[PDB]
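First comes one chain, alone, set out as structure tokens in the form deposited in one PDB entry.
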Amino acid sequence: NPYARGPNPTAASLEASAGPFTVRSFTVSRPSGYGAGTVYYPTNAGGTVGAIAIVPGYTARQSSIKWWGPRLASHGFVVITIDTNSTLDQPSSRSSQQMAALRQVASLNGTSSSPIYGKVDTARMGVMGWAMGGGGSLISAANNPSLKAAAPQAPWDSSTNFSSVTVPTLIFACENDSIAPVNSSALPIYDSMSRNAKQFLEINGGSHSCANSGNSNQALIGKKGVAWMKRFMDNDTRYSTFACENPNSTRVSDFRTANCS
């Protein structure tokens, strides 16, 4: 597998705060099409790596989803976390901005003067995000089927029919979400997808911010996010077991998966 990076994983290595690669980061000087961004990247990765763009929810900023930057980058990805043009941007706008962030990562990859010149395989991209940013990630996936993976958290959109999504999609849900309730939001969205590899992981007792920075379930959430991205973005079947497993955990109140391998 030409995309495989790093050593064979274990549950403990995936549950730790960081993976095997050193992470460097920089703030984007001139954001193109979004408000602000921070790029996280691995050093001495052993090859080009995929890129992931992460967008927050309504009223929120990078801080809400920042943990994923070093968490994912340390396992071999270039990650861009963004602030939107406005904190009041809706899901469609968030999707457009998420794609603009991936675009800028691609721009930086091809620009001789950037720190990440030649570090990215621009044909391998992923999308993540929280709440309206989760809805945005799903819209991105629906409109851009070449994306290799999606892993939104506590997603919301005004529509729940995401049957057009063919991208491998993992949905993190928060059991006690009162903003985007699981039964009216995450679950119907999940249930609408009939054409892809998909997964649904619901966090026991979780509020709407249960997958955000500083959360108490980073061991599990981070393991699953990294495993999903590794399996689908890198086609790395060393991660199939972790990507597909139904975790035996009291931290999980519901688990669903389909077409996973």
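Numbering starts at 1 and runs along the sequence shown.
Only in words, not in the display: the form solved in complex with a small molecule, which the text now covers.
K.L.:
If contact means any heavy atom within 4.5 Å, which of 68 to 76, 143 to 151, 166 to 174, 128 to 136 contacts the small molecule in the deposited complex?
P.N.:
Correct option: 128 to 136.
K.L.:
At 4.5 Å between heavy atoms, is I179 in contact with the small molecule in the deposited complex?
P.N.:
Because a heavy atom of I179 falls inside 4.5 Å of the small molecule in the deposited complex, the answer is yes.
K.L.:
Counting only non-hydrogen atoms and a 4.5 angstroms cut-off, does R231 reach the small molecule in the deposited complex?
P.N.:
Judged by the heavy-atom cut-off of 4.5 Å, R231 is well away from the small molecule in the deposited complex.
K.L.:
Would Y58 count as touching the small molecule in the deposited complex under a 4.5 Å heavy atom rule?
P.N.:
Within the cut-off, so yes.
K.L.:
Given that the partner is absent here, does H208 sit within 4.5 Å of the small molecule in the deposited complex, heavy atoms only?
P.N.:
Yes, contact at 4.5 Å.
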